[PDB]
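Novice: Coordinates in work06.pdb, PDB, C-alpha atoms and all ligand atoms, are listed below.
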```pdb
ATOM      1  CA  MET A 105      16.244 -11.590   8.071  1.00  0.00           C
ATOM      2  CA  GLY A 106      13.143  -9.628   9.043  1.00  0.00           C
ATOM      3  CA  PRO A 107       9.453 -10.237   9.812  1.00  0.00           C
ATOM      4  CA  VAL A 108       7.236 -11.659   7.103  1.00  0.00           C
ATOM      5  CA  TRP A 109       3.640 -12.775   6.952  1.00  0.00           C
ATOM      6  CA  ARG A 110       3.654 -16.483   7.821  1.00  0.00           C
ATOM      7  CA  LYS A 111       0.705 -17.426   5.598  1.00  0.00           C
ATOM      8  CA  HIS A 112      -0.086 -16.844   1.953  1.00  0.00           C
ATOM      9  CA  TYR A 113      -3.730 -15.940   2.407  1.00  0.00           C
ATOM     10  CA  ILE A 114      -3.929 -12.337   3.681  1.00  0.00           C
ATOM     11  CA  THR A 115      -6.987 -10.249   4.430  1.00  0.00           C
ATOM     12  CA  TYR A 116      -7.364  -6.483   4.308  1.00  0.00           C
ATOM     13  CA  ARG A 117     -10.141  -4.223   5.418  1.00  0.00           C
ATOM     14  CA  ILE A 118     -10.679  -0.541   4.667  1.00  0.00           C
ATOM     15  CA  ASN A 119     -11.413   1.014   8.104  1.00  0.00           C
ATOM     16  CA  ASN A 120     -12.745   4.262   6.683  1.00  0.00           C
ATOM     17  CA  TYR A 121     -12.858   6.345   3.495  1.00  0.00           C
ATOM     18  CA  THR A 122     -11.335   9.593   2.262  1.00  0.00           C
ATOM     19  CA  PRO A 123     -14.001  12.040   1.036  1.00  0.00           C
ATOM     20  CA  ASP A 124     -11.687  12.874  -1.893  1.00  0.00           C
ATOM     21  CA  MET A 125     -12.756   9.997  -4.167  1.00  0.00           C
ATOM     22  CA  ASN A 126     -15.938   7.903  -4.285  1.00  0.00           C
ATOM     23  CA  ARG A 127     -16.014   4.479  -2.597  1.00  0.00           C
ATOM     24  CA  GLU A 128     -15.601   2.471  -5.839  1.00  0.00           C
ATOM     25  CA  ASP A 129     -12.384   4.401  -6.657  1.00  0.00           C
ATOM     26  CA  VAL A 130     -10.855   3.939  -3.187  1.00  0.00           C
ATOM     27  CA  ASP A 131     -11.703   0.247  -3.282  1.00  0.00           C
ATOM     28  CA  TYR A 132     -10.194  -0.192  -6.784  1.00  0.00           C
ATOM     29  CA  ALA A 133      -6.997   1.781  -6.081  1.00  0.00           C
ATOM     30  CA  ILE A 134      -6.398  -0.441  -2.996  1.00  0.00           C
ATOM     31  CA  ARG A 135      -7.388  -3.714  -4.710  1.00  0.00           C
ATOM     32  CA  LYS A 136      -5.157  -2.879  -7.671  1.00  0.00           C
ATOM     33  CA  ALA A 137      -2.250  -2.017  -5.331  1.00  0.00           C
ATOM     34  CA  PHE A 138      -2.422  -5.407  -3.611  1.00  0.00           C
ATOM     35  CA  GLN A 139      -2.671  -6.981  -7.084  1.00  0.00           C
ATOM     36  CA  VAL A 140       0.705  -5.545  -8.074  1.00  0.00           C
ATOM     37  CA  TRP A 141       2.375  -7.588  -5.298  1.00  0.00           C
ATOM     38  CA  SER A 142       0.259 -10.693  -5.642  1.00  0.00           C
ATOM     39  CA  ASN A 143       1.311 -10.756  -9.313  1.00  0.00           C
ATOM     40  CA  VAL A 144       4.967 -11.441  -8.404  1.00  0.00           C
ATOM     41  CA  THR A 145       4.749 -13.647  -5.276  1.00  0.00           C
ATOM     42  CA  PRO A 146       2.565 -16.533  -4.001  1.00  0.00           C
ATOM     43  CA  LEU A 147       0.534 -14.103  -1.883  1.00  0.00           C
ATOM     44  CA  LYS A 148      -3.310 -13.864  -2.074  1.00  0.00           C
ATOM     45  CA  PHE A 149      -5.146 -10.728  -0.857  1.00  0.00           C
ATOM     46  CA  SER A 150      -8.899 -10.598   0.022  1.00  0.00           C
ATOM     47  CA  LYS A 151     -11.054  -7.699   1.195  1.00  0.00           C
ATOM     48  CA  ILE A 152     -13.203  -8.271   4.304  1.00  0.00           C
ATOM     49  CA  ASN A 153     -15.820  -5.892   5.780  1.00  0.00           C
ATOM     50  CA  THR A 154     -16.246  -7.449   9.227  1.00  0.00           C
ATOM     51  CA  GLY A 155     -13.927  -9.080  11.756  1.00  0.00           C
ATOM     52  CA  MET A 156     -10.245  -8.377  12.382  1.00  0.00           C
ATOM     53  CA  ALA A 157      -8.157  -8.253   9.184  1.00  0.00           C
ATOM     54  CA  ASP A 158      -4.413  -8.865   8.822  1.00  0.00           C
ATOM     55  CA  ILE A 159      -3.963  -5.458   7.267  1.00  0.00           C
ATOM     56  CA  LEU A 160      -6.140  -2.511   8.192  1.00  0.00           C
ATOM     57  CA  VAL A 161      -6.270   0.413   5.723  1.00  0.00           C
ATOM     58  CA  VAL A 162      -6.915   3.740   7.524  1.00  0.00           C
ATOM     59  CA  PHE A 163      -7.351   7.372   6.515  1.00  0.00           C
ATOM     60  CA  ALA A 164      -6.347   9.717   9.401  1.00  0.00           C
ATOM     61  CA  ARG A 165      -4.855  13.226  10.022  1.00  0.00           C
ATOM     62  CA  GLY A 166      -2.315  14.616  12.521  1.00  0.00           C
ATOM     63  CA  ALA A 167      -2.089  12.463  15.670  1.00  0.00           C
ATOM     64  CA  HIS A 168      -4.230   9.352  15.520  1.00  0.00           C
ATOM     65  CA  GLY A 169      -3.077   6.964  18.228  1.00  0.00           C
ATOM     66  CA  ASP A 170       0.124   5.316  17.037  1.00  0.00           C
ATOM     67  CA  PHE A 171       2.903   7.642  18.189  1.00  0.00           C
ATOM     68  CA  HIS A 172       3.418   8.606  14.533  1.00  0.00           C
ATOM     69  CA  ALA A 173       1.386  11.763  14.035  1.00  0.00           C
ATOM     70  CA  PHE A 174       0.733  12.929  10.488  1.00  0.00           C
ATOM     71  CA  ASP A 175       1.888  16.388   9.532  1.00  0.00           C
ATOM     72  CA  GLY A 176      -0.831  18.089   7.440  1.00  0.00           C
ATOM     73  CA  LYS A 177      -0.786  18.508   3.639  1.00  0.00           C
ATOM     74  CA  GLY A 178       2.523  17.543   1.995  1.00  0.00           C
ATOM     75  CA  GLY A 179       5.512  15.960   3.809  1.00  0.00           C
ATOM     76  CA  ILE A 180       4.754  12.406   4.904  1.00  0.00           C
ATOM     77  CA  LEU A 181       1.865  11.139   2.676  1.00  0.00           C
ATOM     78  CA  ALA A 182       1.325   7.836   4.503  1.00  0.00           C
ATOM     79  CA  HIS A 183       3.064   5.193   6.557  1.00  0.00           C
ATOM     80  CA  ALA A 184       2.786   1.476   7.299  1.00  0.00           C
ATOM     81  CA  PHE A 185       3.862  -1.158   9.783  1.00  0.00           C
ATOM     82  CA  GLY A 186       5.637  -4.372   8.813  1.00  0.00           C
ATOM     83  CA  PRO A 187       4.197  -7.850   9.443  1.00  0.00           C
ATOM     84  CA  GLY A 188       3.268  -8.419  13.075  1.00  0.00           C
ATOM     85  CA  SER A 189       0.124  -8.790  15.161  1.00  0.00           C
ATOM     86  CA  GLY A 190      -2.144  -5.963  16.310  1.00  0.00           C
ATOM     87  CA  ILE A 191      -1.168  -2.863  14.379  1.00  0.00           C
ATOM     88  CA  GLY A 192       1.422  -4.938  12.453  1.00  0.00           C
ATOM     89  CA  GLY A 193       0.759  -4.750   8.702  1.00  0.00           C
ATOM     90  CA  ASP A 194      -1.527  -1.706   8.848  1.00  0.00           C
ATOM     91  CA  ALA A 195      -1.339   1.098   6.270  1.00  0.00           C
ATOM     92  CA  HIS A 196      -2.202   4.719   7.183  1.00  0.00           C
ATOM     93  CA  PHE A 197      -2.872   7.441   4.639  1.00  0.00           C
ATOM     94  CA  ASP A 198      -2.674  11.122   5.646  1.00  0.00           C
ATOM     95  CA  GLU A 199      -6.213  12.381   5.184  1.00  0.00           C
ATOM     96  CA  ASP A 200      -4.716  15.904   4.820  1.00  0.00           C
ATOM     97  CA  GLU A 201      -3.456  15.000   1.334  1.00  0.00           C
ATOM     98  CA  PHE A 202      -5.827  15.247  -1.572  1.00  0.00           C
ATOM     99  CA  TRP A 203      -6.246  11.713  -2.840  1.00  0.00           C
ATOM    100  CA  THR A 204      -6.896  11.219  -6.584  1.00  0.00           C
ATOM    101  CA  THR A 205      -7.548   8.438  -9.169  1.00  0.00           C
ATOM    102  CA  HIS A 206      -4.844  10.087 -11.299  1.00  0.00           C
ATOM    103  CA  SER A 207      -2.312  12.947 -11.059  1.00  0.00           C
ATOM    104  CA  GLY A 208      -4.701  15.671  -9.868  1.00  0.00           C
ATOM    105  CA  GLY A 209      -2.894  15.524  -6.517  1.00  0.00           C
ATOM    106  CA  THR A 210      -1.556  12.599  -4.481  1.00  0.00           C
ATOM    107  CA  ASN A 211      -2.274   9.364  -6.394  1.00  0.00           C
ATOM    108  CA  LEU A 212      -3.777   6.782  -4.018  1.00  0.00           C
ATOM    109  CA  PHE A 213      -2.890   3.634  -6.058  1.00  0.00           C
ATOM    110  CA  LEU A 214       0.794   4.506  -6.325  1.00  0.00           C
ATOM    111  CA  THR A 215       1.020   5.551  -2.705  1.00  0.00           C
ATOM    112  CA  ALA A 216      -0.776   2.348  -1.644  1.00  0.00           C
ATOM    113  CA  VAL A 217       1.599   0.127  -3.600  1.00  0.00           C
ATOM    114  CA  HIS A 218       4.511   1.737  -1.709  1.00  0.00           C
ATOM    115  CA  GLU A 219       2.793   1.321   1.684  1.00  0.00           C
ATOM    116  CA  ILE A 220       1.700  -2.289   1.028  1.00  0.00           C
ATOM    117  CA  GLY A 221       5.366  -2.987   0.238  1.00  0.00           C
ATOM    118  CA  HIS A 222       6.021  -1.851   3.778  1.00  0.00           C
ATOM    119  CA  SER A 223       3.142  -3.923   5.172  1.00  0.00           C
ATOM    120  CA  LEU A 224       4.638  -6.989   3.437  1.00  0.00           C
ATOM    121  CA  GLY A 225       8.054  -6.360   4.989  1.00  0.00           C
ATOM    122  CA  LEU A 226       9.973  -4.221   2.503  1.00  0.00           C
ATOM    123  CA  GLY A 227      12.131  -1.259   3.572  1.00  0.00           C
ATOM    124  CA  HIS A 228      13.296   1.580   1.314  1.00  0.00           C
ATOM    125  CA  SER A 229      15.246   1.257  -1.961  1.00  0.00           C
ATOM    126  CA  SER A 230      18.121   3.450  -3.245  1.00  0.00           C
ATOM    127  CA  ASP A 231      17.178   2.709  -6.844  1.00  0.00           C
ATOM    128  CA  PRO A 232      15.336   5.816  -8.148  1.00  0.00           C
ATOM    129  CA  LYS A 233      13.224   3.531 -10.405  1.00  0.00           C
ATOM    130  CA  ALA A 234      11.764   1.493  -7.521  1.00  0.00           C
ATOM    131  CA  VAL A 235       8.296   2.032  -6.064  1.00  0.00           C
ATOM    132  CA  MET A 236      10.004   1.591  -2.645  1.00  0.00           C
ATOM    133  CA  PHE A 237      12.172   4.662  -3.346  1.00  0.00           C
ATOM    134  CA  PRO A 238      11.485   7.056  -0.417  1.00  0.00           C
ATOM    135  CA  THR A 239      10.160   9.872  -2.659  1.00  0.00           C
ATOM    136  CA  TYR A 240       6.708  10.046  -4.205  1.00  0.00           C
ATOM    137  CA  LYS A 241       6.557  10.567  -7.960  1.00  0.00           C
ATOM    138  CA  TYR A 242       3.600  10.268 -10.359  1.00  0.00           C
ATOM    139  CA  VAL A 243       3.628   7.736 -13.198  1.00  0.00           C
ATOM    140  CA  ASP A 244       0.698   6.820 -15.421  1.00  0.00           C
ATOM    141  CA  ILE A 245      -1.140   4.082 -13.626  1.00  0.00           C
ATOM    142  CA  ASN A 246      -1.585   2.181 -16.906  1.00  0.00           C
ATOM    143  CA  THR A 247       2.178   2.368 -17.552  1.00  0.00           C
ATOM    144  CA  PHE A 248       3.205   1.514 -13.955  1.00  0.00           C
ATOM    145  CA  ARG A 249       5.371  -1.513 -13.291  1.00  0.00           C
ATOM    146  CA  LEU A 250       7.332  -2.589 -10.267  1.00  0.00           C
ATOM    147  CA  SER A 251      11.048  -2.103 -10.909  1.00  0.00           C
ATOM    148  CA  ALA A 252      13.432  -5.110 -11.001  1.00  0.00           C
ATOM    149  CA  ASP A 253      14.689  -4.141  -7.501  1.00  0.00           C
ATOM    150  CA  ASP A 254      11.093  -4.206  -6.088  1.00  0.00           C
ATOM    151  CA  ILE A 255      10.503  -7.661  -7.553  1.00  0.00           C
ATOM    152  CA  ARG A 256      13.767  -9.180  -6.272  1.00  0.00           C
ATOM    153  CA  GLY A 257      13.187  -7.565  -2.884  1.00  0.00           C
ATOM    154  CA  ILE A 258       9.672  -8.982  -2.545  1.00  0.00           C
ATOM    155  CA  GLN A 259      10.582 -12.452  -3.895  1.00  0.00           C
ATOM    156  CA  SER A 260      13.502 -12.750  -1.450  1.00  0.00           C
ATOM    157  CA  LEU A 261      10.841 -12.525   1.267  1.00  0.00           C
ATOM    158  CA  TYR A 262       8.035 -14.708  -0.206  1.00  0.00           C
ATOM    159  CA  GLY A 263       9.440 -16.451  -3.267  1.00  0.00           C
ATOM    160  CA  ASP A 264       7.883 -16.285  -6.726  1.00  0.00           C
ATOM    161  CA  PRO A 265       4.427 -17.376  -7.919  1.00  0.00           C
ATOM    162  CA  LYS A 266       3.888 -21.163  -8.380  1.00  0.00           C
ATOM    163  CA  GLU A 267       3.486 -23.454 -11.401  1.00  0.00           C
TER     164      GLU A 267
HETATM  165  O1  LIG B   1       5.913   5.434   3.554  1.00  0.00           O
HETATM  166  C1  LIG B   1       6.752   6.357   3.412  1.00  0.00           C
HETATM  167  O2  LIG B   1       7.988   6.216   3.217  1.00  0.00           O
HETATM  168  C2  LIG B   1       6.169   7.768   3.501  1.00  0.00           C
HETATM  169  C3  LIG B   1       5.570   8.305   2.182  1.00  0.00           C
HETATM  170  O3  LIG B   1       5.420   9.743   2.216  1.00  0.00           O
HETATM  171  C4  LIG B   1       6.239   7.885   0.854  1.00  0.00           C
HETATM  172  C5  LIG B   1       5.197   7.665  -0.263  1.00  0.00           C
HETATM  173  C6  LIG B   1       5.697   7.229  -1.630  1.00  0.00           C
HETATM  174  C7  LIG B   1       7.050   6.915  -1.896  1.00  0.00           C
HETATM  175  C8  LIG B   1       7.485   6.516  -3.183  1.00  0.00           C
HETATM  176  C9  LIG B   1       6.540   6.435  -4.199  1.00  0.00           C
HETATM  177  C10 LIG B   1       5.196   6.742  -3.944  1.00  0.00           C
HETATM  178  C11 LIG B   1       4.759   7.131  -2.680  1.00  0.00           C
HETATM  179  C12 LIG B   1       4.355   6.596  -5.205  1.00  0.00           C
HETATM  180  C13 LIG B   1       5.420   6.153  -6.222  1.00  0.00           C
HETATM  181  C14 LIG B   1       5.220   5.853  -7.592  1.00  0.00           C
HETATM  182  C15 LIG B   1       6.328   5.462  -8.386  1.00  0.00           C
HETATM  183  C16 LIG B   1       7.608   5.380  -7.782  1.00  0.00           C
HETATM  184  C17 LIG B   1       7.786   5.681  -6.399  1.00  0.00           C
HETATM  185  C18 LIG B   1       6.678   6.066  -5.625  1.00  0.00           C
HETATM  186 CA    CA B   2       1.268  14.859   5.210  1.00  0.00          CA
HETATM  187 ZN    ZN B   3      -0.487   5.955  11.704  1.00  0.00          ZN
HETATM  188 ZN    ZN B   4       8.192   4.274   2.643  1.00  0.00          ZN
END
```
Please express the file's structure as structure tokens.
Ligand SMILES: O=C(O)C[C@@H](O)CCc1ccc2c(c1)Cc1ccccc1-2
Ligand SMILES: [Ca+2]
Ligand SMILES: [Zn+2]
Ligand SMILES: [Zn+2]
Specialist:
Amino acid sequence: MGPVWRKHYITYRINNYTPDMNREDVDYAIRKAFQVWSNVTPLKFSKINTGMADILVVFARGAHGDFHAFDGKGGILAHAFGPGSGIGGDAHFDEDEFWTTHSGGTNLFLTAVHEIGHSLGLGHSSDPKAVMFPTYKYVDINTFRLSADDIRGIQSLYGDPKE
């Protein structure tokens, strides 16, 4: 067993914004990415704009204070820390990527779903169909669905939604 959030009500806050997409689009990509996970577990996600959140969403480039320096455009697109206190649960996106609403470059929604998986406690999958597969790949955001491995992985940690 590994660390999990010990409550079902989880807050997130967007620390700062990429200049690559307007605010509405960043907010929606992130909201929609939490929604993918909340759809298959008992978890509830809420955005806050003040106070300390459980999960901080940050856009940063190169070294940014966590011993895990980003590496410019390409390579690592983002990273996240599992459930814990302090930096635990936070999701960092490499500001050097070009973030898009679709496939124009690095899709934020898809990348966020993968990172939130990490913030919830999931590690990598060996199933090429899984969002937790280590390698980024675009899929139409209207056609996107967690794979069966993602769902069983997340439910083993938090159970399924209630009656
Ligand atoms: O957190 C990490 O492991 C580092 C990161 O560069 C991997 C980002 C990533 C990894 C995998 C995927 C995506 C993004 C988007 C996607 C859509 C559909 C299926 C898989 C993936
Ligand atoms: Ca990078
Ligand atoms: Zn970081
Ligand atoms: Zn990953």
Novice: Tell me, counting all atoms listed in the file, for each residue of chain A within 12 Å of ligand ZN 4 (chain B), which pair of atoms is nearest and how far apart they are in Å to one decimal, in rows ordered by chain and increasing number, as a Markdown table.
Specialist:
```
| residue | atom | partner | partner_atom | distance |
| --- | --- | --- | --- | --- |
| A:180 | CA | B:ZN4 | ZN | 9.1 |
| A:181 | CA | B:ZN4 | ZN | 9.3 |
| A:182 | CA | B:ZN4 | ZN | 8.0 |
| A:183 | CA | B:ZN4 | ZN | 6.5 |
| A:184 | CA | B:ZN4 | ZN | 7.7 |
| A:185 | CA | B:ZN4 | ZN | 10.0 |
| A:186 | CA | B:ZN4 | ZN | 10.9 |
| A:195 | CA | B:ZN4 | ZN | 10.7 |
| A:196 | CA | B:ZN4 | ZN | 11.4 |
| A:197 | CA | B:ZN4 | ZN | 11.7 |
| A:214 | CA | B:ZN4 | ZN | 11.6 |
| A:215 | CA | B:ZN4 | ZN | 9.0 |
| A:216 | CA | B:ZN4 | ZN | 10.1 |
| A:217 | CA | B:ZN4 | ZN | 10.0 |
| A:218 | CA | B:ZN4 | ZN | 6.2 |
| A:219 | CA | B:ZN4 | ZN | 6.2 |
| A:220 | CA | B:ZN4 | ZN | 9.4 |
| A:221 | CA | B:ZN4 | ZN | 8.2 |
| A:222 | CA | B:ZN4 | ZN | 6.6 |
| A:223 | CA | B:ZN4 | ZN | 10.0 |
| A:224 | CA | B:ZN4 | ZN | 11.8 |
| A:225 | CA | B:ZN4 | ZN | 10.9 |
| A:226 | CA | B:ZN4 | ZN | 8.7 |
| A:227 | CA | B:ZN4 | ZN | 6.9 |
| A:228 | CA | B:ZN4 | ZN | 5.9 |
| A:229 | CA | B:ZN4 | ZN | 8.9 |
| A:230 | CA | B:ZN4 | ZN | 11.6 |
| A:234 | CA | B:ZN4 | ZN | 11.1 |
| A:235 | CA | B:ZN4 | ZN | 9.0 |
| A:236 | CA | B:ZN4 | ZN | 6.2 |
| A:237 | CA | B:ZN4 | ZN | 7.2 |
| A:238 | CA | B:ZN4 | ZN | 5.3 |
| A:239 | CA | B:ZN4 | ZN | 8.0 |
| A:240 | CA | B:ZN4 | ZN | 9.1 |
```
Novice: For the provided coordinates, the residues matched by the PyMOL selection byres (((chain A and resi 140-148) around 10) and not hetatm) should be stated as a PyMOL selection string.
Specialist: chain A and resi 109+111-115+135-139+149-150+217+220-221+224+248-250+254-256+258-266
Novice: Near residue A:199, within 9 Å and counting all atoms listed in the file, which residues show up once chain neighbours fewer than 5 positions away are dropped, as a list in words?
Specialist: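 Listing them by chain and then by number gives residues 122, 123, 124, 162, 163, 164, 165, 166, 174, 176, 177, 181 and 182 of chain A.
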Novice: Would you mind reading off the distance between atom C13 of ligand LIG 1 (chain B) and atom CA of residue A:190, one decimal, in Å?
Specialist: 26.7 Å
Novice: What separation in Å, quoted to one decimal, exists between atom CA of residue A:198 and atom CA of residue A:106?
Specialist: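 Value for the atom CA of residue A:198-atom CA of residue A:106 distance: 26.3 Å.
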Novice: Using all atoms listed in the file, can you tell me which of A:168, A:194, A:244, A:118 comes closest to residue A:154?
Specialist: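 Among the listed residues, A:118 lies closest to residue A:154.
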Novice: Would you compute the box with edges along x, y and z of the file around stretch 207-222 of chain A, including every atom the file lists for it and 6 Å extra on each side, and give its centre and edge lengths in Å to one decimal, as AutoDock Vina command-line options?
Specialist:
```
--center_x 0.7 --center_y 6.3 --center_z -3.6 --size_x 22.7 --size_y 30.7 --size_z 26.8
```
Novice: When distances are computed from only C-alpha atoms and all ligand atoms, which of A:169, A:232, A:257, A:208 shows the smallest separation from ligand ZN 3 (chain B)?
Specialist: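 Counting only C-alpha atoms and all ligand atoms, the residue closest to ligand ZN 3 (chain B) is A:169.
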Novice: To one decimal in Å, tell me the separation between atom CA of residue A:105 and atom CA of residue A:187.
Specialist: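 Here the two named atoms are 12.7 Å from each other.
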